[PDB]
Amino acid sequence: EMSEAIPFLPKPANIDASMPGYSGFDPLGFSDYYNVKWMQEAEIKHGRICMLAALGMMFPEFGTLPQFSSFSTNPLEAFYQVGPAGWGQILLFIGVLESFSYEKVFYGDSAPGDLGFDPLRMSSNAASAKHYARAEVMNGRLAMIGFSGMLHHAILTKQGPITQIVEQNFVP
Amino acid sequence: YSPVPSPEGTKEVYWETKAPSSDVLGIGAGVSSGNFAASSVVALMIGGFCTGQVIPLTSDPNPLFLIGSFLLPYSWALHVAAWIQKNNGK
Amino acid sequence: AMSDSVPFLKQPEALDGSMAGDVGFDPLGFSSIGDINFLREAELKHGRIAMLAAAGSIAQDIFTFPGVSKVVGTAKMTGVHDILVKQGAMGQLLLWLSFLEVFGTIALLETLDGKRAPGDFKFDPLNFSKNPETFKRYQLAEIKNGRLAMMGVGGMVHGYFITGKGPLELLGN
Amino acid sequence: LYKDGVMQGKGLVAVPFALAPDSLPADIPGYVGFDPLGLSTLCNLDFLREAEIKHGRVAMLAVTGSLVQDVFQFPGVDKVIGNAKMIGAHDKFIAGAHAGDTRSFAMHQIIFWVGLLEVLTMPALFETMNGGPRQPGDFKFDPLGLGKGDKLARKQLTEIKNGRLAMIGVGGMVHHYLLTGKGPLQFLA
Ligand code: CLA
Ligand code: CLA
Ligand code: CLA
Ligand code: CLA
Ligand SMILES: CC1=C(C#C\C(C)=C/C=C/C(C)=C/C=C/C=C(C)/C=C/C=C(\C)C#CC2=C(C)C[C@@H](O)CC2(C)C)C(C)(C)C[C@H](O)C1
Ligand SMILES: CC1=C(C#C/C(C)=C/C=C/C(C)=C/C=C/C=C(C)/C=C/C=C(C)/C=C/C2=C(C)CCCC2(C)C)C(C)(C)C[C@H](O)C1
Ligand SMILES: CCCCCCCCCCCCO[C@H]1O[C@H](CO)[C@@H](O[C@H]2O[C@H](CO)[C@@H](O)[C@H](O)[C@H]2O)[C@H](O)[C@H]1O
């Protein structure tokens, strides 16, 4: 049995197709050493944070909140222009969100990523649940790559992604 | 060697479960987890408010806000006790 | 079992009803933290000091001792306190009450061992507790008047703070 | 329940394409079927019910108050408040409390006493969220003894419904002010 992402390598032993974002991709063998369910939970959280971040690196260029209308459209400047009080409130809200994740991860045996946030019940249909389960991990990985790109491009150009594109400032 | 003395009423509080027993809270062993959490939130608000009044410190600070600023470190122990009582069935 | 004062709340575990004025009123759960005998000593001491303070405020509105009116002028209620730190009344009273409260500290140390009833200094020179029902009636009346005197002293002093008149000067107009 | 299975409870579906969560039971006063966004899964049900009841009761006291405040004023309020009303008054009360005027301290008195009451009845919420014998909204407050039997049931339904209605009313009575000023009957007429 061979890996389907890398067809000349053997299939990794500790990842199976039941995991939603499976593609048989583990050339460095991370799943052979570390706890696979932990690595799934961590991948899901990194991807979700990058989904929110990839939307939020782009969205203030379309429009800003009226109280933050004077804030820069460069994300790396608007990070600093927010005062310590607003970032402290954001950190407190993130901590409220992470209390459930702490309880679930260190004291529970739920599925990876399951914090019990399904108000619309969009996973009730089985095929729909499978498609959303795979698609969350796919768009999460895509947003990880995209947010990495946007952050280092914003380091180089000191402007947002849309702004950097339309001025065509592509060379450092 | 010789018997090591302790004050009267010292019990064994060594724990390997999810949470310690309520005896580690001493006199607060009978306070419910909801009361601890509410007192932690209230202490956090009062301590932060009083501290924010006394960050521009003068040579005549208000004594009441000085006392109330000590509720800011108190809320940490309060939410730890809230977690302890919540996982103790209280 | 629900509390009698607060019917939508559970009865406190450390309140049995054996004490005078126990109707089960403890929503914040203070009796779970402190010893109930220590708390009853605190309540009785606060109430007795407040009874004496209320009676003193009423009497010092009613009349003054000979010579006090030159020392204090027209600065009745708490305004005399500072003035009498400049004189020697407050220090003398603090010393003698500190003596009495050292002996009260010994009495509290005996209360905490289960060998003394709460608030019991056995001070009955004029015998009134001649019957065990009159004793319970006087205990209930003492604790109720102590709580009433706590809030009455609060009202008199804070109204004096607002107006500068006094408890009975206010009712004159 | 009052008219269980007809007015509330089992079987009734409010949004046919967005079914309410199955965790949402059918023996809570006011269940018609209306939870299209599934928001009952994101919080404790006791907290949600008691929060709805408290929001509703505050809105009921506000709507009744709004109408009367726009109609009948206590003697001597004209010397402090004057021709102002509603959302301004609160603010300028604080301004009066900021100015130094020792007789405009009404809103501080009410915040003191309502906060004291909320602090003292907070443990009722705390045993309520542990499945205790107290139901959300039950403070056992019936001085006149009118709901002492089955008559309670009907009242419960009607109360929670009026609460929701009151929740709408204040918003109009506030937001219609924030564009124009005036008051409920000054904006009606
Ligand atoms: C990783 C996430 C992340 C982080 C750290 C930030 C950080 C920041 N944002 Mg930003 N933002 C994000 C995501 C993020 N954003 C997303 C996803 C959007 C699109 C909605 C925006 C839209 C946005 C605007 C329009 C503005 C900011 C601004 C800011 C800055 C000030 C803080 C603030 O008000 O935040 C605001 C952040 C939000 C409103 C995002 C909240 C998203 C929540 C958490 C997700 C909700 C999930 C779900 C839909 C809830 C409903 C459930 C229900 C259906 C059942 C700060 C640098 C302001 C600024 O300084 O501009 C220069 C500003 O004006 N953000
Ligand atoms: C709303 C529910 C409710 C009800 C029905 C009661 C009922 C009662 N309380 Mg009570 N109480 C309540 C809430 C309530 N409480 C709350 C939220 C607190 C603050 C934590 C208290 C604090 C409290 C204290 C400190 C005391 C009582 C006492 C009493 C009893 C004397 C009745 C009296 O004088 O009425 C008049 C009561 C008031 C004006 C205050 C309560 C205001 C509520 C909203 C009105 C309820 C009045 C009630 C229907 C009258 C009962 C009818 C009849 C039995 C007389 C009575 C059994 C006394 C007692 O004997 O217990 C030791 C007492 O000393 N209560
Ligand atoms: C509301 C008043 C009141 C009542 C009913 C009681 C009741 C009681 N006390 Mg008590 N006490 C009080 C106030 C009161 N106390 C105050 C203010 C103090 C501080 C000085 C004390 C200090 C005290 C001690 C140290 C002890 C008691 C004890 C007792 C118990 C024994 C029976 C007894 O003597 O009661 C009978 C009480 C009365 C008949 C009340 C007397 C009311 C007087 C006559 C009125 C005085 C008028 C006033 C001075 C003038 C006002 C002037 C105006 C201008 C305002 C009993 C439960 C003893 C105990 O628990 O163990 C057995 C004990 O050891 N008490
Ligand atoms: C949500 C409550 C609410 C709020 C925040 C306000 C806000 C205000 N009112 Mg108004 N008012 C209300 C309801 C409210 N109103 C109701 C329900 C009435 C009776 C119809 C009134 C009648 C009223 C008059 C006549 C006046 C005010 C005035 C005022 C202003 C000064 C504050 C003051 O003195 O209040 C006073 C408020 C009251 C006297 C209402 C108390 C009625 C309570 C809520 C009944 C509760 C009974 C119930 C058994 C308690 C249960 C306790 C527990 C079990 C929950 C301020 C803008 C004054 C003003 O500036 O006018 C221009 C003024 O003159 N109020
Ligand atoms: C939970 C769920 C729901 C939810 C909903 C919530 C809101 C979920 C939202 C999920 C959202 C956040 C998905 C966002 C994905 C964006 C990713 C894929 C992209 C990055 C773009 C990359 C490719 C790039 C870029 C590139 C950069 C690097 C450089 C540039 O030169 C070029 C370019 C621009 C191309 C709700 C709440 C309704 C409840 C329901 O019961 C369940
Ligand atoms: C000597 C001196 C001074 C002094 C001083 C003095 C003498 C100060 C004395 C202060 C006192 C005695 C304050 C009392 C406050 C009572 C309160 C808050 C009651 C609350 C009741 C509550 C919360 C609820 C009650 C209730 C209600 C209605 C509803 C719920 C149930 C219930 C519990 C029954 C200085 C330092 C100022 C300076 C001066 O130069 C010298
Ligand atoms: C979800 C992600 C959460 C993580 C972020 C939460 C922590 C917040 C970090 C600090 C945020 C703002 O803090 C910040 O304050 C000042 C402005 O307000 C900054 O001050 C300066 O910062 C930069 C210097 O490197 C400059 O480009 C800024 O123009 C300048 O304001 C401080 O250098 C910084 O500490």
**Report entry** Nearest-ten-degree value, helix A:126-157 long axis tilted from longest Cα axis of chain A
**Finding:** 40 degrees
Query raised in the report: What stretch of chain A, leaving out the sites themselves, is the longest with no GluC sites (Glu not before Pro) in a DSSP loop having at most 11 other Cβ atoms within 10 Å?
Result: A:2-166
**Report entry** Equivalent ellipsoid dimensions for chain C as semi-axes, Å, which come from the Cα gyration tensor, largest first
**Finding:** 34, 21, 16
Query raised in the report: Of the residues C:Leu140, C:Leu97, C:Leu112, which exhibits the maximal mean-square fluctuation in a Gaussian network model of chain C defined by a 10 Å Cα contact cut-off?
Result: C:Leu97
Query raised in the report: Any idea what log10 I(q)/I(0) is at q = 0.11, 0.14, 0.20 Å⁻¹ for chain B, Debye with uniform C-alpha scatterers and no solvent?
Result: -0.47, -0.64, -0.90
Requested in this report: May I ask for the equivalent-ellipsoid semi-axes of the stretch A:127-172, computed as the square root of five times each C-alpha gyration tensor eigenvalue and listed largest first in whole Å?
Outcome: 31, 10, 6
Query raised in the report: Where does helix C:36-62 land angle-wise versus the long Cα axis of chain C, in degrees 0 to 90, nearest 10?
Result: 30 degrees
Query raised in the report: Which whole-number value in Å³ per residue fits the convex hull of the alpha carbons of the protein assembly as shown?
Result: 332 Å³
Report task. Find the Cα radius of gyration of the stretch A:71-172, compare it with 2.2 N^0.38 Å by division, and give the number to two decimals. Result -> 1.46
Report task. Let me know the mean shielding of B:75-84 by other chains, meaning the per-residue number of their Cβ atoms within 10 Å of its Cβ. Result -> 0
Report task. Show the residues, 5+ positions off or on another chain, whose built amide H is closer than 5 Å to the amide H of A:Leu115. Result -> none
Report task. Report the chymotrypsin sites (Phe, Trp or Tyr not before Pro) located in the stretch A:94-172 that are in a DSSP loop and have at most 14 other Cβ atoms inside 10 Å of their Cβ, or state none. Result -> A:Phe117, A:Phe170
Requested in this report: At most 14 other Cβ atoms within 10 Å and a DSSP loop assignment: could you name the chymotrypsin sites (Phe, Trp or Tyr not before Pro) in the stretch C:107-173 that fit?
Outcome: C:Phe121, C:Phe123, C:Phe128
Query - Principal semi-axes in Å for the stretch D:37-189 [√(5λ), Cα gyration tensor, largest first] - result: 33, 20, 17
**Report entry** Alpha-carbon centroids, the stretch A:36-114 and the stretch A:129-161: separation in whole Å
**Finding:** 13 Å
Report summary line: chain A: longest segment with zero exposed trypsin sites (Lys or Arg not before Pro), where exposed means DSSP loop plus at most 15 other C-beta atoms within 10 Å, is residues A:1-120
**Report entry** Cα pair distances in chain A, grouped into 10 Å bins until the bin that holds the longest one, percent each
**Finding:** 8, 26, 31, 24, 10, 1
Query raised in the report: Using the Karplus equation 6.51 cos²θ - 1.76 cosθ + 1.60 (θ = phi - 60°), what ³J(HN,Hα) coupling, rounded to whole Hz, does each residue of the stretch A:19-26 give in order, writing x for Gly and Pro?
Result: 6, x, x, 5, 9, x, 9, 8
Report summary line: Listed by chain and number, the residues whose amide H is under 5 Å from that of C:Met2, excluding neighbours fewer than 5 places away on the same chain and using placed H, are C:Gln11
Requested in this report: Normalise the Debye intensity by I(0) for the stretch C:36-122, one equal point scatterer per Cα, no solvent, then take log10 at q = 0.18, 0.20 Å⁻¹ and round to two decimals.
Outcome: -0.88, -0.98
Query - Loop-located trypsin sites (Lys or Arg not before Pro) in the stretch D:142-189, at most 14 other Cβ atoms within 10 Å (DSSP) - result: D:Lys148
Report summary line: Whole-Å distance linking the alpha carbon centroid of the stretch D:1-75 with that of the stretch B:40-90 is 36 Å
Requested in this report: Determine ³J(HN,Hα), in whole Hz, for all residues of the stretch B:73-81 in sequence, where each value follows from phi through the Karplus function 6.51 cos²θ - 1.76 cosθ + 1.60 and θ = phi - 60°; x replaces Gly and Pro.
Outcome: x, 5, 5, 4, 5, 5, 6, 4, 5
Query raised in the report: Where does helix D:106-128 land angle-wise versus the long Cα axis of chain D, in degrees 0 to 90, nearest 10?
Result: 20 degrees
Report summary line: Rounded to the nearest 500, the 222 nm mean residue ellipticity computed for chain B from DSSP H runs (n ≥ 4, each -39500 (n - 2.57)) alone is -16000 deg cm²/dmol
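Every number here is computed from the coordinates shown, using simple stated rules; none is lab data. FYI the Cβ positions are ideal-geometry reconstructions off the backbone, even for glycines, and counts take in every protein chain you see.
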